[PDB]
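So the structure is just underneath, and the comments pick up after that.
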Amino acid sequence: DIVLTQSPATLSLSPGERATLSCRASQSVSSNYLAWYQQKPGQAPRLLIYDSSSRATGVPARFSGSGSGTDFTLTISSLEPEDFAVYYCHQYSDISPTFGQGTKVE
Amino acid sequence: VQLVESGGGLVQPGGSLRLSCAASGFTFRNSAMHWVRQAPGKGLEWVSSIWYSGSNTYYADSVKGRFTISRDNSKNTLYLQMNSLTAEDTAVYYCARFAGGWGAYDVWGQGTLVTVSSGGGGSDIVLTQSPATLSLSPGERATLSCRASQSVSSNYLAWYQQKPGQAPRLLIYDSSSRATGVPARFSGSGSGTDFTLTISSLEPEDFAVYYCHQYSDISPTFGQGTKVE
Amino acid sequence: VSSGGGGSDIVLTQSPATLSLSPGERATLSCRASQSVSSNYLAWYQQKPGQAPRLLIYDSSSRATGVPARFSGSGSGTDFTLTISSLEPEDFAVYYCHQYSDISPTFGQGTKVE
Amino acid sequence: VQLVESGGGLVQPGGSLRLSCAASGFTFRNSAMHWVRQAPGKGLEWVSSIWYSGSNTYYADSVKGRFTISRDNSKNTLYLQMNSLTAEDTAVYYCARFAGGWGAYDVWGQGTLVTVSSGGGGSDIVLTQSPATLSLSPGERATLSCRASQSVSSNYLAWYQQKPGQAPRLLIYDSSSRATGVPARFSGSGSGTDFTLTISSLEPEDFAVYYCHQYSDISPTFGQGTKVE
Amino acid sequence: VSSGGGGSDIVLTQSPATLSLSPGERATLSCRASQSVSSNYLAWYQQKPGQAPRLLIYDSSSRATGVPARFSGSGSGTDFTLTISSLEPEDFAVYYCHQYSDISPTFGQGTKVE
Amino acid sequence: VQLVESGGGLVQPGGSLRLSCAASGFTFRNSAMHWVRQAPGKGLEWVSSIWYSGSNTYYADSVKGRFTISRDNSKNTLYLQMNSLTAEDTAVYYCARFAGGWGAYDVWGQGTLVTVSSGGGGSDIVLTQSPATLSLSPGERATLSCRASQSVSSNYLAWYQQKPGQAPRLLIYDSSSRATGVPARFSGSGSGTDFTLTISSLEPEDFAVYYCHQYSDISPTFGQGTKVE
Amino acid sequence: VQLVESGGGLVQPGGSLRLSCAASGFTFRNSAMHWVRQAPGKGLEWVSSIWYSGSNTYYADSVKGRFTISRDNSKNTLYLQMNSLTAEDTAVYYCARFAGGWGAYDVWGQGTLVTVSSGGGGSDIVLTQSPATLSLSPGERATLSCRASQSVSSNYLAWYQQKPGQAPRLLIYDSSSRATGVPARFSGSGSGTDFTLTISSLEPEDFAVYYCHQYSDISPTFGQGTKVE
Amino acid sequence: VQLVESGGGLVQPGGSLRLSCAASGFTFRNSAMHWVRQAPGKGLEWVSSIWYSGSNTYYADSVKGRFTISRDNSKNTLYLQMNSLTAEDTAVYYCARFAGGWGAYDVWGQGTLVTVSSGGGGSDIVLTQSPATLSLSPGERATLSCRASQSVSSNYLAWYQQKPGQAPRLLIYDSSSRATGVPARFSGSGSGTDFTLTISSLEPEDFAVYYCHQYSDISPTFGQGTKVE
Amino acid sequence: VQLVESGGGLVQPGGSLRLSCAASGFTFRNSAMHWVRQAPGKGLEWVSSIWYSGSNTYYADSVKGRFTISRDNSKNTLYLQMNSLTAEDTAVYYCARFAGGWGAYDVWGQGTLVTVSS
């Protein structure tokens, strides 16, 4: 059962700075079937990245996903106030989908 | 009941300046007179005091040995002689009458700005590190940011590690060059005004304060540090 | 570089660092000393941008001459309070507390009322 | 490429001060050098200009006759001699190299504050009149208010009428006393900090500017005026 | 008391006096001259509180060395514009226009971008 | 080319209303017709769309299940049936012809005001808490203020503590009575229009939002809260 | 002494819902019972009240004609029937026992969330106009910016001018085409996500509020407007 | 103590509308009830009154014969039946309780807007004449301006002279064509939105009011007149 | 392309509740639909999944034997029947379309809070 561990748990940054988020799996993620979601207070999660590196429709270029195997990273090039939220990674390579515990960017 | 201050201005480091404060409306010859200063964007800070003949004159550790408070009671005038000035003396200086239990600092001069600087225009390259703190576990990745207010020519930017009680240790120079004996898990990147230090998989010995440093001009500056705990 | 002893000046801590209020509202400012302030020799000053500090309260509760009655101080020992009962538009400034009970005068770091 | 300023400070009205600006990094002997000042919370204002051998110095109308710009090319230094100073000269003064079509003011000094004051912070009683303007018709009543920041001792407050091009006339003194020759339709009242001038039935000759005036201390002050049109 | 004014000085009027914007948005600043500015000798400066002005644009359209490309000037004669394409948090400051086409240099009164 | 509107007015919550829009000067039967509304002081907001037979009709999310757009091409008339009206539906409603790439909303009706209200005031007792936010450390004292627009009879004023995700908890009632189980560090005081809650020594569990509450009449009102963080 | 709440959940606009509250530990039939709600992120707001056999029941103005409070004393149960639900009703609802002078709201239910929504989003194109306010003189140029969160296909963007009390007026469509009768001093430009409206020489009749509008999909959206004053 | 108003909206000229006002909190059967209206941007204007059934209902001359005030004391409701509506009836209508010596209009409804109009979202062509007044002597030149809010098609603009107590007389039509019998000293010019009437040498018989008039559409409008004195 | 969710609320322990998710803008009959929940202050947690006829429906161990996922393709509606509720089932529940390699959870319902308490 693939465990996803995100780090750091909390990132305190200012507008204009870059946020680098890490998702590390206990096993290799087949086909790089890993996704990133953004969730703001009181709202449903919203897809940012899928297939490790594919940017969803409508997602600004400032969001970028990379990595493979067991090490994945989400990078936000220039943080805006609407980017401060909690971010979850998600692997869908097997029959037991699992999520990271989230990284809150504040 | 007034204090008319004069003096101040812009002076080079190591220079001298004399402040004066002319009193009227009270028995100046008997009054305790103090100097108080206020650095730009900071709070009030006591500087010196002088009183009757028979009492001690007092100075703050910041100025004792360089500043001299004095008074000429025949002209109802208070003086502050400022010698061997340093950039840390930059502040607005106030003369004030001290009334103790009868009013504390009840009369203030209007204040005069003393700026101690050899600089020009004129802006040193400011380095801002982000985030201020990173809490991580062994094995995880640490990504540190250093952004400069101006372009760092030739990418002359270095990264140092400092553990408590020890001298800084060179990790990266020329933005991307790993120093001899530094493990390959340390790597730097970036150019111009955007630089990054990455520690790929943290070890328990990597928890320390990390500083970036630009040496592309005659005025070297450091970032304020990122603590990885 | 120091002339003092193992000794420790009386440290004044003001709270909160900032207060955002409207005209007519109450402003309550706190000053907290690390040691007891002998004789309650604690003063409060008002400072507006670009101007010299102005005495509001001395001896913890004594209102300076010309200060409106809406300003009032209280407390003793290590716990002091400055109260502005109903803020006026001329009251928005930085406020400092100040202890003069010993040889080493010290100030609080200020509370901004905006 | 640097301009190192020095001088400035706090001086009393009518005093004198000299500012200096030491240049480095360029051929100072070829450069046109200007002084620019900025009053607190105001915009930039050109002060003076100087150029090469054929000395062709220029001044702003505010300072012509009081300020003298000069230069010593052997010390690469620009000077500004400031005489007959007034509170209107209070500003941060910048030296600047003028490059014209090749950079305008491309190099600036850091600026030094010059404050011209005799100790003015304000114990004076401030009088506020309201409203600033009143549009009324003949036969109507005009009610004018004067408010003091502090209590006016002994109710030493007066009211004056001023028509364009003429000296003021005493209307009311001691808050309520009608001056000799003033028609009964004028009347004053109030005490402490709240005063009123009432014109019971306006006449066509009553349309003018009205000032209140407190003389209860040694710093006399006037209201800023109410125009009755 | 006057020295002969006045006068022939080219009057520069900046508009608006204030612009309230967010990071990422466009700032468009206007400078209007009372008379034609010969050779388009018009400059733009940025000034942050407590600091000396910084040259941004000269000769109406020339971006000074080290100024980011998001700053751009345009216009001619009596109508000039400074454009900040996408505001950064360090771009919030007061901006002045300046004409140096004659012996009496004049400045606009500034536009504050907050 | 004109759109002539009719209908609207003032109705109570839960009521129903029908708007009309008669067209002339164009081929109405083929036109895409929309409704757009604008709350007082707010911007324009699209509401509904209708077009040719064989197309879909669209509604804004907020009005779906409440509003019905329709048309009668024989009478060149557009309709909007408005049901389940609430205060959020108060707006000026416009009918407009949608031209797409040939003019967007190129023709507008003059608009009719729809107001949904069960009353006109307003005269409730308004409680104003201050300050909105208090950043304090453990061990410090929090002084919270609650000011009423009118006198609170019998001093029937309560204070509540609410933590995130939990129901409010009674702290003080009758202005000064501590509820059973509330620690002695909390204390209420005041009367008439001026009430205060004082937390003498903040514990970590004391950081929450605090509301005042007057229950002196048939229209209970709360303050908007003070967050002690 | 407890109140056990039940009901709530997610419904669509125009829907209905009933909340329940079962009491225990006190003589319920003698207690006044209230409903209080708290919208997400906002404060507490009273909703309704009910009391003894001669039920004189009260409602907040917003819910009058939509909500009904009732009680079944044989079951010790409080009810709140909620009809004509809209998005402004989204809140956490609490039942509470009202003790008046002996405890105010001394007993609370744990609260149930009621959310009124016809769909998750909300995934529309967001138009952001800049700046919100422009203070300009006649003859000056107004440059208005409209930024889109996504690319506006076909550059289907329009601008409207609205004066107080009047319907909007089309100025520009297809990003840059002037509507018939619009003077040449108005001009639109831009593509993709960045659009501007420029009024070259402001006339006195040009001071109004200007809106941008994208019509490139089935969810038309507007900017919140720029006021040119 | 409340009056809940309802009704109003946008209606055609000659149409009908009924306003209602439901009272609570007082003995409605004994109270005198009035209607008051307020035209857009105007002051308050009394409309009608009703009292006990032993007194007479009263109406203003503006509405007498078309409006009917009535009451149903069993429902605590006040009514205003508005028949034969005209654009002059456009106003916000308030119901109000009249207390005479015990409170005048102490309770008001919130008001509902009644707009009586047959037009679309476009405005008629507005003509603005300037100056409002010209004081001249015989032999001098009078230059009068007429500016239109929209372009006047075909230059269909006319000028009229009106002397006191007499019908207007045609001076100029088609902007520049001098009417039969008009002296050559009258001449008109201009096109589009800018028109001028010039009287080359004033005679004493030329002192009158002058109106411009556009007839380029189905909605004829006049300027507000320029008086030549 | 949206999912309109409904249902939820406050229920006693051991009670029952049915959640609904109405789809539009895509071929719902062919889509894999999941339920995901998030207890207050915690992270996302997969609950259940349903797909085409001929595939297996799946449940997390925490709901297996108590929850039933189902669909009505004629009405384009997804259901979650929640029985034998416990305090640990308290969470905001989301319906979501699963696109796998073509976008993972690319469409989400807005979520509804289910609280189980007495």
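Note that we place each Cβ from the backbone using ideal geometry, even for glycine, and neighbour counts take in every protein chain shown. What is reported rests on the model, the rules as stated and the sources as named; no laboratory instrument gave them.
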Away from chain G (no Cβ under 14 Å), within 30 Å of A:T103 (Cβ to Cβ) and of a type in the set (G, A, S): does that describe I:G41? yes
May I ask you to list the residues in region G:93-118 that are under 28 Å from F:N155 (Cα atoms) and aliphatic (A, V, I, L, M)? G:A96, G:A99, G:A104, G:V107
Say whether the condition of being of a type in the set (S, T, N, Q), more than 14 Å from chain I (Cβ to nearest Cβ) and over 22 Å from F:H213 (Cβ atoms) is met by at least one residue in region G:1-13. no
When you scan region D:47-76, how many residues do you find that are exposed (fewer than 15 other Cβ atoms within 10 Å of the Cβ) and either within 25 Å of the chain's Cα centre (by Cα) or outside the structural domain of D:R18 (by CATH) (or both)? 3
Taking the criterion of being closer than 20 Å to G:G120 by Cα, aliphatic (A, V, I, L, M), out of contact with any helix residue (DSSP H, G or I) (no Cβ under 6 Å at 6 or more places or on another chain) and not in a helix (DSSP H, G or I), would at least one residue in region I:41-61 satisfy it? yes
If you go through region G:144-156 one residue at a time, do you hit one that is under 30 Å from G:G9 (Cβ atoms) and touching a residue at least 12 places away in the same chain (Cβ under 8 Å)? no
(1) of a type in the set (V, I, T); (2) over 30 Å from G:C212 (Cβ atoms); (3) more than 18 Å from the chain's Cα centre (by Cα): which one isn't true of F:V126, the others all being true? (3)
If a residue has to be under 27 Å from the mean Cα position of the chain (by Cα) and in a strand (DSSP E or B) to count, how many in region F:164-195 make the cut? 2
Within region G:37-46, which residues are crowded, with 20+ Cβ neighbours inside 10 Å and either at the interface with chain F (Cβ under 8 Å from one of its Cβ atoms) or among the aromatic types (F, W, Y) (or both)? G:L44, G:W46
Kindly check whether there is at least one residue in region C:74-87 that is among the aromatic types (F, W, Y), crowded, with 18+ Cβ neighbours inside 10 Å and within 30 Å of D:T115 (Cβ to Cβ). no
Would you mind telling me which numbered condition in (1) more than 10 Å from every other protein chain (Cβ to nearest Cβ); (2) surrounded by fewer than 21 Cβ atoms within 10 Å (Cβ to Cβ) A:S31 fails? (1)
Yes/no for H:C95 being surrounded by 13 or more Cβ atoms within 10 Å (Cβ to Cβ) and closer than 28 Å to H:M33 by Cβ: yes
Looking for something more than 30 Å from G:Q214 (Cα to Cα) and more than 9 Å from every other protein chain (Cβ to nearest Cβ) - is there at least one such residue anywhere in region G:83-92? yes
Tally, over region G:14-32, of residues that are within 27 Å of the chain's Cα centre (by Cα) and within 11 Å of chain I (Cβ to nearest Cβ): 5
Which residues, counting only those in region A:44-86, are aliphatic (A, V, I, L, M), more than 12 Å from chain I (Cβ to nearest Cβ), closer than 22 Å to G:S123 by Cα and out of contact with any helix residue (DSSP H, G or I) (no Cβ under 8 Å at 6 or more places or on another chain)? A:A61, A:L79, A:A85
For region B:113-139, how many residues meet the condition of being under 30 Å from A:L74 (Cβ atoms), within 11 Å of another protein chain (Cβ to nearest Cβ) and crowded, with 18+ Cβ neighbours inside 10 Å? 5
Test of understanding: among C:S39, C:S72, C:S86, which residue is part of a strand (DSSP E or B) and over 10 Å from the mean Cα position of the chain (by Cα)? C:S72
Of the conditions (1) acidic (D, E); (2) free of Cβ contacts under 8 Å to residues at least 12 places away in the same chain; (3) at positive phi, F:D106 fails just one. Which one is it? (3)
Closer than 17 Å to C:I10 by Cβ and in contact with a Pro (Cβ under 8 Å, 6 or more places away or on another chain): does that describe C:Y45? yes
Of the criteria (1) surrounded by fewer than 17 Cβ atoms within 10 Å (Cβ to Cβ); (2) in contact with a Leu (Cβ under 6 Å, 6 or more places away or on another chain); (3) within 19 Å of H:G139 (Cα to Cα), which one H:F186 fails: (1)
Out of (1) part of a strand (DSSP E or B); (2) within 14 Å of chain G (Cβ to nearest Cβ); (3) surrounded by 15 or more Cβ atoms within 10 Å (Cβ to Cβ), what's the single condition that is false for I:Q110? (1)
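The rows are residues; the columns are (1) of a type in the set (K, R); (2) out of contact with any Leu (no Cβ under 9 Å at 6 or more places or on another chain); (3) within 9 Å of another protein chain (Cβ to nearest Cβ).
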{"residue": "E:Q47", "(1), (2), (3)": "no, no, yes"}
{"residue": "E:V67", "(1), (2), (3)": "no, no, no"}
{"residue": "E:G73", "(1), (2), (3)": "no, no, no"}
{"residue": "E:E88", "(1), (2), (3)": "no, yes, yes"}
{"residue": "E:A93", "(1), (2), (3)": "no, yes, no"}
{"residue": "E:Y96", "(1), (2), (3)": "no, no, yes"}
Filtering region B:175-229 for residues that are hydroxyl-bearing (S, T, Y) and free of Cβ contacts under 8 Å to residues at least 12 places away in the same chain leaves a count of 2
Tally the residues that are within 15 Å of B:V36 (Cβ to Cβ) and assigned to a loop (DSSP other than H, G, I, E, B), restricting the search to region C:89-110. 6
Tell me, please, whether a residue that is facing another protein chain (nearest Cβ under 7 Å), over 30 Å from F:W102 (Cβ atoms), out of contact with any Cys (no Cβ under 9 Å at 6 or more places or on another chain) and of a type outside the set (F, W, Y) can be found in region G:147-158. no
Kindly provide the set of residues from region F:94-112 that are facing another protein chain (nearest Cβ under 7 Å) and aromatic (F, W, Y), ordered by number. F:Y94, F:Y105, F:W108
(1) in contact with an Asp or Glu (Cβ under 9 Å, 6 or more places away or on another chain); (2) in a strand (DSSP E or B); (3) more than 9 Å from every other protein chain (Cβ to nearest Cβ) all hold for E:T13 apart from (3)
Any residue in region C:28-45 that is farther than 19 Å from C:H98 by Cα and touching a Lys or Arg at 6+ places or on another chain (Cβ under 8 Å)? no
Residues of region I:1-28 satisfying the condition of being within 9 Å of another protein chain (Cβ to nearest Cβ), crowded, with 19+ Cβ neighbours inside 10 Å and within 18 Å of I:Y105 (Cβ to Cβ): I:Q2, I:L3, I:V4, I:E5, I:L19
Is it the case that region E:98-111 has a residue that's surrounded by 16 or more Cβ atoms within 10 Å (Cβ to Cβ), under 26 Å from G:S130 (Cα atoms) and among the hydrophobic types (A, V, I, L, M, F, W, C)? no
